[PDB]
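A look at the structure
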Amino acid sequence: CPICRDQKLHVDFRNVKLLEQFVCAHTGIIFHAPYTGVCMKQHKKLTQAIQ
Amino acid sequence: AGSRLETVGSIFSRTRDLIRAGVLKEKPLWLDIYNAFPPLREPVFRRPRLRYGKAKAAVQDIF
Amino acid sequence: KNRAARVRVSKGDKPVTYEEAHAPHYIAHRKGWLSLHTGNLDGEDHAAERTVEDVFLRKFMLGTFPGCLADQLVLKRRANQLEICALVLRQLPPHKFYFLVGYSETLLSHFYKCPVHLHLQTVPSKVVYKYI
Amino acid sequence: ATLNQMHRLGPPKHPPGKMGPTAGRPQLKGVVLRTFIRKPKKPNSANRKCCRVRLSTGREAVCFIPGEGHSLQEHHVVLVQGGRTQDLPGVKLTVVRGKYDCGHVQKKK
Amino acid sequence: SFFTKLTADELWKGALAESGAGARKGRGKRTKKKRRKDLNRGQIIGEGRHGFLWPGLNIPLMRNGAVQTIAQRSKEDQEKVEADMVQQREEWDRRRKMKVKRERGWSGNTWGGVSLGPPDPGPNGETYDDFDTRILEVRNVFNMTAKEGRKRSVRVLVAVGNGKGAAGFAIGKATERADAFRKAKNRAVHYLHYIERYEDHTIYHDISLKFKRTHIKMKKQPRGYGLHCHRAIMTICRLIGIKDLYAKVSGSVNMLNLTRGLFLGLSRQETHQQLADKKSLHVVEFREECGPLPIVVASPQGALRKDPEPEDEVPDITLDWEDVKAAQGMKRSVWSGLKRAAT
RNA sequence: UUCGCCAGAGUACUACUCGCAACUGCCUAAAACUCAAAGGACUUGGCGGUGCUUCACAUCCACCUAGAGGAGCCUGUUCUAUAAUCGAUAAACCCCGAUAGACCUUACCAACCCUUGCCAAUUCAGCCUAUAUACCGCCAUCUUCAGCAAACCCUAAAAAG
RNA sequence: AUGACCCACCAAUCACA
Ligand SMILES: [Mg+2]
Ligand SMILES: [Mg+2]
Ligand SMILES: [Mg+2]
Ligand SMILES: [Mg+2]
Ligand SMILES: [Mg+2]
Ligand SMILES: [Mg+2]
Ligand SMILES: [Mg+2]
Ligand SMILES: [Mg+2]
Ligand SMILES: [Mg+2]
Ligand SMILES: [Mg+2]
Ligand SMILES: [Mg+2]
Ligand SMILES: [Mg+2]
Ligand SMILES: [Mg+2]
Ligand SMILES: [Mg+2]
Ligand SMILES: [Mg+2]
Ligand SMILES: [Mg+2]
Ligand SMILES: [Mg+2]
Ligand SMILES: [Mg+2]
Ligand SMILES: [Mg+2]
Ligand SMILES: [Mg+2]
Ligand SMILES: [Mg+2]
Ligand SMILES: [Mg+2]
Ligand SMILES: [Mg+2]
Ligand SMILES: [Mg+2]
Ligand SMILES: [Mg+2]
Ligand SMILES: [Mg+2]
Ligand SMILES: [Zn+2]
C-alpha cells in the first residue's frame, strides 16, 4: 500500500499532516479504501485514527 | 503553435484565447489594431444552408 | 533483378560510399579497378597467382586493422613490389597504427617474397557519396 | 411508441432465465453408460474423450471428461457439472474430476 | 579453408533472416525473436588467448624510460584475464535480458492512455514543454494494394494540452508505429481549442450533444467530485485542466467521434459573462452550503435591464428520462454506485 | 397529435392452433435445436463470355518467309528397369546445373578396410544429412512495365483521397 | 463446365557511469 510500503509512515491520531491526506478537503469525509488504495487493515486503522 | 480550426471561432477569438492560455507568447500586430477598430460583424464561420419549404428571402424589389 | 554487388535502396537513410553506389555495369565507366596488375593483359602470365594473392590481402588487412577500414583496399603492383593503399578511420592511437604498419609490411614481405609498401590515408568518418 | 401505447403494454419485463442441462442444479450425479470419442468442429481438431451418462433426473446425456487420461467403465457413478465444451457441438456437461469414481489426474510416473 | 570464410555482416545478415519472404506477409509469428550481438564488443587489439604482450598494442611502448621487449603472460594471469572477459559477457547478458518498464495506460497491452511526452519544437524555435500528449486510440488498418495485397498502416489518434485550458486532438497515420506517433503529436499542436473552465475546475453548465451517432451527456460538479467519466474523456479532461465532471456516453462509443463530439461540445460552452451580457442582467449563484446568500457571479458590462424576466410558472424544457429516473431513485443498477480508484 | 408495427441470426411466408364457398389454400404464428455472429452502407484492390474510345508492329485478325509435328539419327525428359546419386520439371523445366560422366570427376551401389580421423591449438576434427517454408549469396518472372518512397500540407474525417 | 481445406500483421532497441 501507500501506507505500508513506507514503514516510516506512522498512523497515529497525532500527525494531522498524514491523516489530512485521507480526508476530502472540501467534503470532510473519509475516502473509502479503494479510492486511495490502502489495505483494509490500515484503512480501518486510519478511520479510527482520524476519529 | 496556433489554431488551424477555421470553423471554431473568429481569428480574433482563437488568437486572444490562445494568448489567454499562455500558449502563444507573442501578440501579433493586427491584434492591437483589431481591438482598436473592430469590424461590424464577428468573422465567425457559418454554413450556407439551402432554404426549404415556404421560406423565401427578405429582399425588396425596387420600384 | 540483377543483385550482384549492389546496395539496395533503403527507406532513404542509408549511407553509401562512392564505391558501393555503383553496380558492376559501371566498372571502367564511372568507378575504376580496385587492383592493378599486368596479369590480365593480352599476352601475359600468372593472372591466377595475383588473384589469389589479392583475395588473401583483402582478408588479411581486414582482420589486422579491425573496425578501422573505411573502404575496400587498393592494390598497385609495380615491377615486383606491391603498394597497398588503404582508407582508414581514426580509431587507434598512432602507436597502434605504426605498429601495425611495420608488422604488416614485414610479415607480408616475408610471406610473398617481395617488398611490400603500405600507405595509410586517414579519415574522420566514412566518406559519404549518397543518401544520408 | 406513444404514451398511450406504452401505457397499454406496461413496461418491458425481463424474461425468466431459460433452464439448461443441469436443470438449474449445480451438479448432478449420474452413471456411465458408455465411453467413446468425438471429433471437434472444423477449424481445430483432436479426438476428445467423452462418455454417455444417465442422470438422476432420468435424462440421458453426452458428457465430457477433462484432463489427460482417465479410467472410466460402464456402471461407474460420476458427478457432472455445467460447463459447455466449445469444440464439441452438442456437449454441454463435464465430469467433475476428483469425485466418486473419477479420480484426480495422476501426475506422470 | 581460410578463403572459404566471410565478413561478420554477411554472416549475421545470413543468420537473422530478416529479409526473407516469411517476414513480409507475416508468414511467421511475432513471439519468435532472435538478435544480433557484436562479437568485437569487448575485444582489444593484440589480445589473444596465447597470452602475448606486444610493445605497441597491449602494453605501453616504454616502461621506466626504456623499450619493452616482446613477452608472454604467466598461465594463471591468462586464467584471470579470461575470467574477466567471461564475466563481461555474462554482465552484458544480464543487461540484455532486463526489459525496461512500460507505464501502463488503461490496460497492459493497450496503447490507450499512454503518454508520448511533449511535442516537438516548431520551426520557429517555439517550444512546448508545458504540453503533454496522450494516446487515445492506436489501430492497425489495412488497404488492398495491386502488388503487395494487404498493406498495413498504423493510425493513431492523440490529444495534447497544457492543463491550463488549451487542448486539441489530431490523428496521424504511417507504416511504422513510431512514425504515426510523431506525426499525430506534431499535428495535434496545430488544432488547439480553448476550453472555458468555471472557477478552473468544472465546465460552466450541463452539456448534451449528439455528434453523429454518439451522445455525450455531461454534468457540472462541485469541487470535490473528481472526474467520473468514460476513460477517454478522463484522459482529455486531465489534459484540459477540468478536474470535476460527470459524463455518460451512449450510442456508438467510436473513439474519434467521441473526441470530436467532446471538443465540439466543450467549445460551445456559454460563459456566465456571455450570458450576463446577452440577457443584460446580474447572474447570481446560490450555493447550498452557503445558504440563501446571493453570490454575484457575473454582471452585464454596459446597461443593465430594469425589466424582470417573464416568470414562467411551468417551464417547457426537453427532459432526459435518465436524469428524471435518477432523481426519483429508479436507477437500481449494480454498476453505478461502485467504488473506483482515485481520478 | 395519433394509430400500426419492431427486442441477434438461423430454424420459419415452417409445426400446432381459431376462422374462412379456400380441402396441394389463405390467414394467425411458436419451440427444441444450431450459431457468435447475422445484417446495413462504404473503401482500395482484383476481376468481369459489360459498354465506349484508342491501340498491337513480329503481332492478336488480315497477311509474308522459313521451320516443327511424319523418317532416320543426335541429345534431354517421362515412364517402366536396375544392387545402384541428386537438382530443374506451366509461362518462368526438357544440349537445363554440365563452356561437358570410360578410371578420376562422383555425391550413388556392392564388397572390403580406418577410427582425435587435412589444421598451431581445442571432450575435438568430419558430414554432398534434413529443412530453399529459417537464410546470405547469385538469379528467373511480370519488364523496356512506369512507377516506388521518405518529409510535409489539405479533407464539416481521413478505410482512404 | 469445373478447380478439398488451410495462409497472414498484437514483441521490443543500442550507448555510457
Ligand atoms: Mg486448430
Ligand atoms: Mg469450461
Ligand atoms: Mg475426496
Ligand atoms: Mg498484462
Ligand atoms: Mg434496440
Ligand atoms: Mg428465434
Ligand atoms: Mg406467401
Ligand atoms: Mg402456412
Ligand atoms: Mg400452437
Ligand atoms: Mg510470331
Ligand atoms: Mg530442316
Ligand atoms: Mg517437319
Ligand atoms: Mg521428327
Ligand atoms: Mg533425372
Ligand atoms: Mg538436397
Ligand atoms: Mg525433384
Ligand atoms: Mg515455375
Ligand atoms: Mg564412376
Ligand atoms: Mg570409384
Ligand atoms: Mg557422404
Ligand atoms: Mg524461395
Ligand atoms: Mg515517374
Ligand atoms: Mg467523406
Ligand atoms: Mg497519399
Ligand atoms: Mg464436379
Ligand atoms: Mg477454391
Ligand atoms: Zn497495506
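Residues numbered from 1 in each chain as written, not as in the entry; some residues may be left out. Chains lettered and ligands numbered in written order. Part of a larger assembly, values for the part shown. Heavy atoms only, no water.

1. Considering the environment of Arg 52 of chain D
Residue and element names in this part refer to chain D.
- Relative to the assigned elements, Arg 52 resides in strand β2 (residues 48-55).
- Through-space distance from the C-alpha of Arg 52 to that of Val 62 is 4.5 Å; in sequence the pair is 10 residues apart.
- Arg 52 has contacts with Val 31, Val 32, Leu 33, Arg 34, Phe 36, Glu 60, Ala 61 and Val 62, leaving out every residue within four places of it along the chain. (Helix = DSSP H or I, 4+ residues; strand = E, 2+ residues; numbered from the N terminus. Contact = heavy atoms within 4.5 Å.)

2. Here we look at the interface of chain C and chain E
- Taken together, the 10 residues of chain C in the interface contact 8 residues of chain E.
- Interface area, chain C with chain E, both sides summed: about 950 Å², of which 80% is carbon and sulfur.
- Contact with chain E buries surface across chain C, with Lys 59, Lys 96 and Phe 99 of chain C losing the most and accounting together for 51% of the total.
- Linking chain C to chain E there are 0 salt bridges.
- On inspection of chain C and its partner chain E, the count reaches 1 residue pair in polar contact.
- Listed by contribution, the elements that provide at least two residues to the side of chain C that touches chain E are α1 (47-64) and α2 (94-112) of chain C.
- When the residues that make up the side of chain C that touches chain E are grouped by side-chain class, the tally is 7 nonpolar, 1 polar and 2 charged. (Buried area = accessible area lost by both parts, 1.4 Å probe. Salt bridge = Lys/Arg side-chain N within 4 Å of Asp/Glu carboxyl O. Polar contact = N/O pair within 3.5 Å; in protein donor to acceptor, adjacent residues only side chain to side chain. Nonpolar A, V, L, I, M, F, W, Y, C, P; charged D, E, K, R; others polar.)

3. Focus: the protein's contact with RNA strand F
- Within the structure, RNA strand F sits among 48 residues, and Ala 4 of chain C together with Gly 14, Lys 173, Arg 182 and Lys 212 of chain E are positioned closest to it.
- Backbone atoms, meaning sugar plus phosphate, form 74% of the atoms of RNA strand F positioned within 4 Å of the protein.
- Measuring from a phosphate oxygen of RNA strand F, one finds a backbone N or O atom of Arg 3 of chain C at 3.2 Å.
- Note that a sugar or linking oxygen of RNA strand F is positioned 2.7 Å from one of the backbone N or O atoms of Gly 14 of chain E.
- Going through the elements one at a time, α1 (3-9) of chain D together with α1 (8-16), β5 (132-145), β6 (149-161), β7 (166-174), α3 (177-188) and α5 (255-267) of chain E are the ones with two or more residues in the surface near RNA strand F.
- Top contributing element to the surface near RNA strand F by residue count: β5 of chain E, with 5 residues.
- Class assignment for the residues of the surface near RNA strand F results in 15 nonpolar, 12 polar and 21 charged. (Near = heavy atom within 4 Å.)

4. Some remarks on the sheet that holds strand β4 (residues 116-123) of chain C
All names here are of chain C.
- With mixed pairing, the 4 strands of this open sheet are ordered in space as β1-β2-β3-β4. At either end of the open sheet lies a strand with only one pairing partner, and these are β1 (35-36) and β4.
- Where strand β2 (residues 74-78) meets strand β3 (residues 81-89), 5 bridges bridge the pair, whose relative direction is antiparallel. Along β3, the bridge assignment pairs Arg 77 with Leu 82.
- In the packing of α1 onto the sheet, the strands contacted are β1, β2, β3 and β4, and the crossing angle to β2 comes to about 140 degrees.
- The strands touched by α2 within the sheet are β3 and β4, with β4 carrying the most contacts at an inclination of about 150 degrees. (Pairing = 2+ DSSP bridges. Axes fitted to C-alpha atoms, helices over the stretch in contact; angles between N-to-C directions.)

5. Some points on the protein's contact with RNA strand G
Residue and element names in this part refer to chain E.
- Of all residues adjacent to RNA strand G, which total 14 residues, the nearest are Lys 25, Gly 26, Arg 30, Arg 35 and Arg 150.
- Among the atoms of RNA strand G close to the protein, meaning within 4 Å, 51% are from sugar or phosphate groups.
- Measuring from a sugar or linking oxygen of RNA strand G, one finds a backbone N or O atom of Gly 26 at 2.7 Å.
- Between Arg 152 and RNA strand G, the recorded distance is 3.2 Å, taken from a side-chain N or O atom to a sugar or linking oxygen.
- Counting only elements with at least two residues in the surface near RNA strand G, the list comes to β5 and β6.
- Of the residues in the surface near RNA strand G, the class split is 2 nonpolar, 2 polar and 10 charged.

6. Focus: the packing of helix α4 (residues 231-240) of chain E against α5 of chain E
Residues and elements named next belong to chain E.
- In contact at an axis separation of 11 Å, α4 and α5 are set at 40 degrees when each is read in the N-to-C sense. Here α4 is positioned oblique relative to α5, judged by the angle of their axes. α4 and α5 meet at a crossing whose hand is right-handed. In this structure, α4 contributes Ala 232, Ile 233, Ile 236 and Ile 240 to the contact, and α5 contributes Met 255, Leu 258, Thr 259, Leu 262, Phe 263 and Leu 266.
- For the contact of α4 with α5, a count of residues per class yields 9 nonpolar, 1 polar and no charged. (Parallel < 35°, antiparallel > 145°, perpendicular 65-115°, else oblique. Left-handed = near helix turned anticlockwise from the far one by under 90°.)

7. What to know about the interface of chain E and chain B
- Chain E puts 15 residues into the contact, and the matching count from chain B is 12 residues.
- Interface area for chain E against chain B, summed over the two sides, is near 1200 Å², with a carbon-plus-sulfur share of 55%.
- Three residues stand out in chain E for area buried against chain B, namely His 190, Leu 192 and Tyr 194 of chain E, and they jointly supply 43% of the buried area on that side.
- The interface formed by chain E and chain B contains 1 salt bridge.
- Of the charged contacts in the structure, one is a salt bridge between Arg 20 of chain B and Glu 196 of chain E, with a shortest N-O distance of 2.1 Å.
- For the side of chain E that touches chain B, the class distribution of residues is 7 nonpolar, 4 polar and 4 charged.

8. Here we look at the nonpolar core
- Counting 29 residues, the largest nonpolar core has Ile 216, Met 218, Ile 233, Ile 240, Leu 245 and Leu 266 of chain E as the members making the most contacts within it.
- Counting only elements with at least two residues in this core, the list comes to β6, β7, β9 (207-211), β10 (214-220), α4, β11 (245-251) and α5 of chain E.
- For this core, the element with the most residues is α4 of chain E, which contributes 7 residues.
- What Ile 216 of chain E contacts, discounting residues up to four positions off in sequence, is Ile 207, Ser 208, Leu 209, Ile 233, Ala 247, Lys 248, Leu 258, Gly 261 and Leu 262 of chain E.
- Residues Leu 92, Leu 108 and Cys 114 of chain C together with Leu 57 of chain E belong to the second largest nonpolar core, which totals 23 residues. (Core = buried A, V, L, I, M, F, W, Y, C linked by side-chain atoms within 4.5 Å. Buried < 20%, exposed > 50% of the residue type's maximum accessible area, 1.4 Å probe, protein only.)

By themselves, these observations are geometric and do not establish any function.
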